[PDB]
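Student: Could you have a look at this structure, given as structure tokens, before my questions?
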Amino acid sequence: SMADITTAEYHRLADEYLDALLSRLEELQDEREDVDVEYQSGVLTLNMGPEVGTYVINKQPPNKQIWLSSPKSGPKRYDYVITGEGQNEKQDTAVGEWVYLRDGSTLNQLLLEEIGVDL
Amino acid sequence: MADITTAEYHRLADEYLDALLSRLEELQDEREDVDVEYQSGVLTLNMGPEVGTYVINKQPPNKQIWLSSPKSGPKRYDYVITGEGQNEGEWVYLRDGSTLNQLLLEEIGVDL
């Protein structure tokens, strides 16, 4: 999407994001009896229990996307998009986000609304 | 679309995904870029950097198995008894009547 990134750059960005997400969800896992989180090989699994269901969040490297499956709202696909220019016209000052280009929403926003997790 | 309890769903889904896993473990040995994992009701099938990653997961509140394919996108499979067919239930995408086994045959070349 908006960001002009190589596959290697994608992997770094996605790994950084999912590592941060994982540690936030590990906190949630400790506080709640119904929440279990796993992470292996680019795939983050979040079982919210028998009433909520299971979330899957995974790297899709050929598309340079992060894909999502939600039991509340279904499937979505996130591109790495530059939403803020930052300090300069320089691309190294730009703020990038994971955005679902069908509606412009962010992955952070979905997690906040559905799971109460603020990344 | 079958009238089953949540406990029955879990048994049926676990049986199916266990069978699928062992078929994919054979495939893992015979193809260098294929890796399969199965944990907490989620089957991950990484076909490497050109093909991408398949996810196949239980979605218990809907009594479905959900799929995400890098070639053809998301689908939701119900446990369905069709009256075409006899024996001495199948996992079906009810939008077109196809089975999950058929998709895996066509996309990945695994004949289940």
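Identifiers in the structure tokens: chain A, B, ... in order shown; residue index from 1 per chain; ligand index from 1 in order shown.
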I need the residues of stretch 16-92 of chain B that end up classed as helix (DSSP H, G or I) by DSSP on the backbone, written out as a list in words.

Tutor: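 Going through stretch 16-92 of chain B, the helix (DSSP H, G or I) residues come out as residues 16, 17, 18, 19, 20, 21, 22, 23, 24, 25, 26, 27, 28, 29, 30, 60, 61 and 62 of chain B.
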
Student: Neighbours of stretch 81-90 of chain B within 12 Å (only C-alpha atoms; same-chain residues fewer than 5 positions away dropped), as a tab-separated table (two decimals) with N, CA and C atoms, in the first residue's frame?

Tutor:
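Result saved to out_38.tsv:
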```tsv
chain	number	residue	atom	x	y	z
B	1	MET	N	-27.05	-28.65	6.91
B	1	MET	CA	-26.22	-28.13	8.07
B	1	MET	C	-26.61	-28.91	9.36
B	2	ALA	N	-25.65	-29.58	9.96
B	2	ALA	CA	-25.94	-30.60	11.00
B	2	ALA	C	-26.36	-29.99	12.34
B	3	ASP	N	-27.28	-30.67	13.01
B	3	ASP	CA	-27.71	-30.33	14.36
B	3	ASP	C	-26.81	-31.06	15.36
B	4	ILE	N	-25.77	-30.38	15.80
B	4	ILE	CA	-24.77	-30.94	16.70
B	4	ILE	C	-24.55	-29.99	17.85
B	9	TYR	N	-19.33	-30.88	18.01
B	9	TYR	CA	-18.54	-30.08	17.08
B	9	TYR	C	-17.05	-30.25	17.36
B	12	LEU	N	-15.80	-33.69	16.26
B	12	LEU	CA	-15.77	-33.79	14.80
B	12	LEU	C	-14.62	-32.97	14.22
B	13	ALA	N	-14.45	-31.74	14.72
B	13	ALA	CA	-13.44	-30.85	14.18
B	13	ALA	C	-12.07	-31.36	14.53
B	16	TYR	N	-11.18	-34.37	12.30
B	16	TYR	CA	-10.84	-33.93	10.96
B	16	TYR	C	-9.46	-33.26	10.88
B	64	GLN	N	-17.81	-23.91	13.18
B	64	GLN	CA	-17.24	-23.90	11.84
B	64	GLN	C	-15.76	-24.12	11.93
B	65	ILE	N	-15.20	-24.49	10.78
B	65	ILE	CA	-13.78	-24.42	10.56
B	65	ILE	C	-13.61	-23.29	9.51
B	97	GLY	N	-21.15	-25.05	-2.09
B	97	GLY	CA	-21.25	-26.46	-1.92
B	97	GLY	C	-19.94	-27.22	-1.97
B	98	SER	N	-18.80	-26.55	-2.09
B	98	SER	CA	-17.51	-27.24	-2.15
B	98	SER	C	-17.05	-27.69	-0.77
B	99	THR	N	-16.18	-28.70	-0.73
B	99	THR	CA	-15.60	-29.19	0.50
B	99	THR	C	-14.23	-28.59	0.75
B	100	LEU	N	-13.81	-28.58	2.00
B	100	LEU	CA	-12.45	-28.12	2.32
B	100	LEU	C	-11.40	-29.07	1.71
B	101	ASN	N	-11.67	-30.36	1.76
B	101	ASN	CA	-10.78	-31.38	1.08
B	101	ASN	C	-10.57	-31.04	-0.40
B	102	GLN	N	-11.63	-30.67	-1.10
B	102	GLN	CA	-11.51	-30.33	-2.52
B	102	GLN	C	-10.63	-29.10	-2.76
```

Student: Would you mind listing, for every residue of chain B within 9 Å of chain A, the two atoms forming the shortest contact and the distance between them in Å to one decimal, using only C-alpha atoms, sorted by chain and ascending residue number, as a Markdown table?

Tutor:
```
| residue | atom | partner | partner_atom | distance |
| --- | --- | --- | --- | --- |
| B:37 | CA | A:40 | CA | 8.3 |
| B:39 | CA | A:38 | CA | 8.0 |
| B:40 | CA | A:47 | CA | 7.8 |
| B:41 | CA | A:54 | CA | 8.7 |
| B:42 | CA | A:45 | CA | 7.4 |
| B:44 | CA | A:43 | CA | 7.5 |
| B:46 | CA | A:41 | CA | 8.2 |
| B:48 | CA | A:61 | CA | 8.9 |
| B:49 | CA | A:62 | CA | 6.2 |
| B:50 | CA | A:62 | CA | 6.0 |
| B:51 | CA | A:62 | CA | 7.0 |
| B:52 | CA | A:62 | CA | 5.9 |
| B:53 | CA | A:60 | CA | 6.2 |
| B:54 | CA | A:60 | CA | 8.9 |
| B:55 | CA | A:56 | CA | 8.2 |
| B:57 | CA | A:56 | CA | 8.2 |
| B:58 | CA | A:54 | CA | 7.6 |
| B:59 | CA | A:53 | CA | 6.0 |
| B:60 | CA | A:53 | CA | 6.1 |
| B:61 | CA | A:53 | CA | 5.9 |
| B:62 | CA | A:71 | CA | 8.5 |
| B:66 | CA | A:69 | CA | 8.7 |
| B:68 | CA | A:69 | CA | 8.3 |
| B:70 | CA | A:60 | CA | 7.5 |
| B:73 | CA | A:75 | CA | 9.0 |
| B:74 | CA | A:75 | CA | 6.8 |
```

Student: Keeping only N, CA and C atoms, write the selected residues as a PDB file, in the first residue's frame.

Tutor:
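So the final result, stored in part08.pdb, reads:
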```
ATOM      1  N   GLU B  37       2.130 -26.600  11.538  1.00  0.00           N
ATOM      2  CA  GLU B  37       2.014 -26.607  13.002  1.00  0.00           C
ATOM      3  C   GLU B  37       0.531 -26.708  13.350  1.00  0.00           C
ATOM      4  N   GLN B  39      -1.826 -26.070  16.969  1.00  0.00           N
ATOM      5  CA  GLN B  39      -1.831 -25.701  18.388  1.00  0.00           C
ATOM      6  C   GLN B  39      -3.093 -24.916  18.702  1.00  0.00           C
ATOM      7  N   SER B  40      -3.790 -25.339  19.757  1.00  0.00           N
ATOM      8  CA  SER B  40      -4.960 -24.618  20.258  1.00  0.00           C
ATOM      9  C   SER B  40      -6.027 -24.393  19.172  1.00  0.00           C
ATOM     10  N   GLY B  41      -6.311 -25.447  18.404  1.00  0.00           N
ATOM     11  CA  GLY B  41      -7.349 -25.400  17.378  1.00  0.00           C
ATOM     12  C   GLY B  41      -7.021 -24.644  16.109  1.00  0.00           C
ATOM     13  N   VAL B  42      -5.747 -24.291  15.933  1.00  0.00           N
ATOM     14  CA  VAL B  42      -5.300 -23.543  14.765  1.00  0.00           C
ATOM     15  C   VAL B  42      -4.233 -24.341  14.036  1.00  0.00           C
ATOM     16  N   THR B  44      -1.567 -24.239  11.054  1.00  0.00           N
ATOM     17  CA  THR B  44      -0.787 -23.308  10.256  1.00  0.00           C
ATOM     18  C   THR B  44      -0.029 -24.085   9.199  1.00  0.00           C
ATOM     19  N   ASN B  46       2.615 -23.157   6.359  1.00  0.00           N
ATOM     20  CA  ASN B  46       3.463 -22.207   5.690  1.00  0.00           C
ATOM     21  C   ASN B  46       4.075 -22.896   4.464  1.00  0.00           C
ATOM     22  N   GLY B  48       5.950 -21.433   2.257  1.00  0.00           N
ATOM     23  CA  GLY B  48       7.139 -20.733   1.831  1.00  0.00           C
ATOM     24  C   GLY B  48       6.857 -19.336   1.302  1.00  0.00           C
ATOM     25  N   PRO B  49       7.929 -18.612   0.959  1.00  0.00           N
ATOM     26  CA  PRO B  49       7.890 -17.188   0.685  1.00  0.00           C
ATOM     27  C   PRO B  49       7.183 -16.799  -0.608  1.00  0.00           C
ATOM     28  N   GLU B  50       7.130 -17.690  -1.592  1.00  0.00           N
ATOM     29  CA  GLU B  50       6.400 -17.416  -2.844  1.00  0.00           C
ATOM     30  C   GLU B  50       4.906 -17.738  -2.731  1.00  0.00           C
ATOM     31  N   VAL B  51       4.568 -18.855  -2.094  1.00  0.00           N
ATOM     32  CA  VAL B  51       3.169 -19.302  -1.984  1.00  0.00           C
ATOM     33  C   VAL B  51       2.420 -18.553  -0.875  1.00  0.00           C
ATOM     34  N   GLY B  52       2.996 -18.508   0.328  1.00  0.00           N
ATOM     35  CA  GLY B  52       2.369 -17.875   1.462  1.00  0.00           C
ATOM     36  C   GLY B  52       1.921 -18.868   2.496  1.00  0.00           C
ATOM     37  N   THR B  53       1.074 -18.399   3.400  1.00  0.00           N
ATOM     38  CA  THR B  53       0.670 -19.157   4.558  1.00  0.00           C
ATOM     39  C   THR B  53      -0.843 -19.371   4.575  1.00  0.00           C
ATOM     40  N   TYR B  54      -1.240 -20.619   4.830  1.00  0.00           N
ATOM     41  CA  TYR B  54      -2.633 -21.012   4.991  1.00  0.00           C
ATOM     42  C   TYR B  54      -2.888 -21.078   6.479  1.00  0.00           C
ATOM     43  N   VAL B  55      -4.069 -20.615   6.888  1.00  0.00           N
ATOM     44  CA  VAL B  55      -4.513 -20.842   8.252  1.00  0.00           C
ATOM     45  C   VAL B  55      -5.856 -21.525   8.225  1.00  0.00           C
ATOM     46  N   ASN B  57      -8.621 -22.955  11.098  1.00  0.00           N
ATOM     47  CA  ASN B  57      -8.854 -22.847  12.553  1.00  0.00           C
ATOM     48  C   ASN B  57     -10.281 -23.138  12.923  1.00  0.00           C
ATOM     49  N   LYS B  58     -10.439 -23.812  14.060  1.00  0.00           N
ATOM     50  CA  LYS B  58     -11.731 -23.898  14.691  1.00  0.00           C
ATOM     51  C   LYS B  58     -12.243 -22.511  15.084  1.00  0.00           C
ATOM     52  N   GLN B  59     -13.533 -22.269  14.820  1.00  0.00           N
ATOM     53  CA  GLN B  59     -14.235 -21.111  15.279  1.00  0.00           C
ATOM     54  C   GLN B  59     -15.446 -21.633  16.077  1.00  0.00           C
ATOM     55  N   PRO B  60     -15.221 -22.009  17.343  1.00  0.00           N
ATOM     56  CA  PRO B  60     -16.229 -22.745  18.117  1.00  0.00           C
ATOM     57  C   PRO B  60     -17.619 -22.108  18.268  1.00  0.00           C
ATOM     58  N   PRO B  61     -17.713 -20.791  18.511  1.00  0.00           N
ATOM     59  CA  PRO B  61     -19.049 -20.176  18.615  1.00  0.00           C
ATOM     60  C   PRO B  61     -19.938 -20.359  17.382  1.00  0.00           C
ATOM     61  N   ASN B  62     -19.347 -20.537  16.193  1.00  0.00           N
ATOM     62  CA  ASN B  62     -20.121 -20.774  14.959  1.00  0.00           C
ATOM     63  C   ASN B  62     -20.176 -22.248  14.583  1.00  0.00           C
ATOM     64  N   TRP B  66     -12.722 -22.350   9.848  1.00  0.00           N
ATOM     65  CA  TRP B  66     -12.476 -21.199   9.021  1.00  0.00           C
ATOM     66  C   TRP B  66     -11.160 -21.426   8.329  1.00  0.00           C
ATOM     67  N   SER B  68      -8.213 -19.492   5.681  1.00  0.00           N
ATOM     68  CA  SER B  68      -7.658 -18.352   5.028  1.00  0.00           C
ATOM     69  C   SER B  68      -6.601 -18.887   4.061  1.00  0.00           C
ATOM     70  N   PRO B  70      -3.889 -17.927   0.818  1.00  0.00           N
ATOM     71  CA  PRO B  70      -3.169 -16.910   0.059  1.00  0.00           C
ATOM     72  C   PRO B  70      -3.537 -16.860  -1.426  1.00  0.00           C
ATOM     73  N   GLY B  73      -8.384 -16.521  -0.542  1.00  0.00           N
ATOM     74  CA  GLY B  73      -9.001 -15.748   0.513  1.00  0.00           C
ATOM     75  C   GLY B  73      -9.709 -16.541   1.589  1.00  0.00           C
ATOM     76  N   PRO B  74     -10.666 -15.908   2.281  1.00  0.00           N
ATOM     77  CA  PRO B  74     -11.318 -16.535   3.413  1.00  0.00           C
ATOM     78  C   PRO B  74     -12.560 -17.346   3.066  1.00  0.00           C
TER      79      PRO B  74
END
```

Student: Which residues are near residue A:78? Cut-off 8 Å, only C-alpha atoms, ignore same chain within fewer than 4 positions. Put them as a list in words.

Tutor: residues 65, 66, 67, 68, 98, 99, 100, 101, 106 and 107 of chain A

Student: For a quick check of understanding, using only C-alpha atoms, which of A:10, A:18, A:90, A:97 has the smallest distance to residue A:109?

Tutor: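 When distances to residue A:109 are compared using only C-alpha atoms, the smallest one comes from A:97.
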
Student: Could you state the separation of atom CA of residue A:48 and atom CA of residue B:20 in Å, given to one decimal place?

Tutor: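 Computed distance, atom CA of residue A:48 to atom CA of residue B:20, equals 24.4 Å.
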
Student: Quote the spacing between atom CA of residue B:28 and atom CA of residue B:93 in Å to one decimal place.

Tutor: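 Value for the atom CA of residue B:28-atom CA of residue B:93 distance: 25.9 Å.
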
Student: If you run DSSP over the backbone, which residues in chain A end up strand (DSSP E or B)? Put them as a ChimeraX atom specification.

Tutor: /A:36-40,43-47,54-60,65-70,74-84,95-100,105-106

Student: Could the residues in this selection be saved with C-alpha atoms as a CSV table (one decimal), in the first residue's frame?

Tutor:
```csv
chain,number,residue,atom,x,y,z
A,36,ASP,CA,-4.8,-18.0,25.8
A,37,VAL,CA,-2.2,-16.6,23.3
A,38,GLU,CA,0.3,-18.5,21.2
A,39,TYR,CA,2.8,-17.2,18.6
A,40,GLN,CA,4.7,-19.4,16.1
A,43,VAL,CA,1.0,-16.6,13.3
A,44,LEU,CA,-0.5,-15.2,16.4
A,45,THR,CA,-3.4,-17.1,17.9
A,46,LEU,CA,-5.7,-15.6,20.5
A,47,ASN,CA,-8.3,-17.8,22.0
A,54,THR,CA,-10.6,-17.4,18.5
A,55,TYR,CA,-8.7,-14.6,16.7
A,56,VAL,CA,-6.0,-15.4,14.2
A,57,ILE,CA,-3.4,-12.7,13.2
A,58,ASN,CA,-0.8,-13.8,10.7
A,59,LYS,CA,1.9,-12.5,8.4
A,60,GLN,CA,1.2,-13.0,4.7
A,65,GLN,CA,0.4,-7.7,4.7
A,66,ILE,CA,-0.9,-8.8,8.1
A,67,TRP,CA,-4.1,-10.8,7.8
A,68,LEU,CA,-6.7,-11.1,10.5
A,69,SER,CA,-9.6,-13.3,11.3
A,70,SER,CA,-12.1,-12.1,14.0
A,74,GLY,CA,-14.7,-11.6,10.2
A,75,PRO,CA,-11.6,-11.4,7.9
A,76,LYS,CA,-9.5,-8.3,7.1
A,77,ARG,CA,-6.1,-7.6,5.5
A,78,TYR,CA,-3.7,-4.9,6.6
A,79,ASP,CA,-1.2,-3.0,4.5
A,80,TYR,CA,1.6,-0.9,5.9
A,81,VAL,CA,0.5,2.6,5.1
A,82,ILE,CA,2.0,6.1,5.8
A,83,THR,CA,-0.7,8.1,7.6
A,84,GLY,CA,1.5,10.9,9.2
A,95,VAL,CA,4.6,7.5,10.8
A,96,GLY,CA,3.3,4.2,9.3
A,97,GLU,CA,0.3,2.1,10.4
A,98,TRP,CA,-1.4,-1.2,9.6
A,99,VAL,CA,-4.5,-0.2,7.6
A,100,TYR,CA,-7.4,-2.1,6.1
A,105,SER,CA,-9.4,1.5,9.6
A,106,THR,CA,-6.3,0.4,11.6
```
